[PDB]
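What the coordinates show
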Amino acid sequence: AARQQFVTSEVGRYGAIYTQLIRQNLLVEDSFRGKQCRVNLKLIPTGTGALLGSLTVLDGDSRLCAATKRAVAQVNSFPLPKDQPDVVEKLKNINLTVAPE
């Protein structure tokens, strides 16, 4: 695991538990790609997964930040693979940030 850099592989899970629950409400994709967007989820803890406490839009092409926001306001809960009060405090405050590559 090496422990010097591997947080870059954990962020590929930690923020994915949110983004994968969002896009599974609105399976659109084609108007979410090709442009860019950056928004920010701040969740509260709960026994089935985190819950929407606040959503900050920072920028994007409006067709994504308006759509995600409505999904995050209606999701059941975001299931995290961990359970430690150290890392429960990291996954609760993500930025969903997307662009071409």
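Residues numbered from 1 in each chain as written, not as in the entry; some residues may be left out. Heavy atoms only, no water.

Method of determination, as annotated in the archive: solution NMR.

Turning next to the sheet that holds strand β2 (residues 51-60). One open sheet accounts for three strands, arranged β2-β1-β3; its pairing is antiparallel. The sheet is open, and its two borders are formed by β2 and β3 (93-98), each paired with just one other strand. In this sheet, adjacent strand axes meet at a mean angle of 15 degrees when their direction is disregarded. Pairing between strand β1 (residues 37-44) and β3: six bridges, direction antiparallel. Within β3, the residue paired with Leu41 across the bridge is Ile94. Across the sheet, helix α3 (residues 62-72) touches β1, β2 and β3, and the angle it forms with β2 is around 180 degrees. (Pairing = 2+ DSSP bridges. Helix = DSSP H or I, 4+ residues; strand = E, 2+ residues; numbered from the N terminus. Axes fitted to C-alpha atoms, helices over the stretch in contact; angles between N-to-C directions. Contact = heavy atoms within 4.5 Å.)

On to the side chain of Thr68. Note on placement: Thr68 falls in helix α3. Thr68 gets classed as buried once you look at its relative accessible area, which sits at 3%. When sequence neighbours within four positions are dropped, the list of residues in contact with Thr68 reads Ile22, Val39 and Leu96. (Buried < 20%, exposed > 50% of the residue type's maximum accessible area, 1.4 Å probe, protein only.)

The next subject is the pattern of salt bridges. Applying the stated criterion across every chain yields a total of five salt bridges. One salt bridge connects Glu89 with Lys92, and the closest N-O pair in it is separated by 2.8 Å. With relative accessibility at 13%, the residue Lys92 sits in the buried group. Within the structure, one salt-bridge network assembled from shared partners comprises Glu10, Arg13 and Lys82. (Salt bridge = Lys/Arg side-chain N within 4 Å of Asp/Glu carboxyl O.)

One non-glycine residue, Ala2, adopts positive backbone phi at about 75 degrees. With respect to the helices, strands and loops of the structure, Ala2 is situated in the segment before α1 (7-14). With relative accessibility at 56%, the residue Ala2 sits in the exposed group. Even without being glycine, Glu29 reaches a positive phi, approximately 75 degrees. Along the chain, the position of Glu29 falls in the loop between α2 (16-23) and β1.

Attention now moves to the environment of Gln74. Inspection of the secondary structure assignment puts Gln74 in the loop between α3 and α4 (88-91). Residue classification places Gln74 among the partly exposed residues on the basis of a relative accessible area of 46%.

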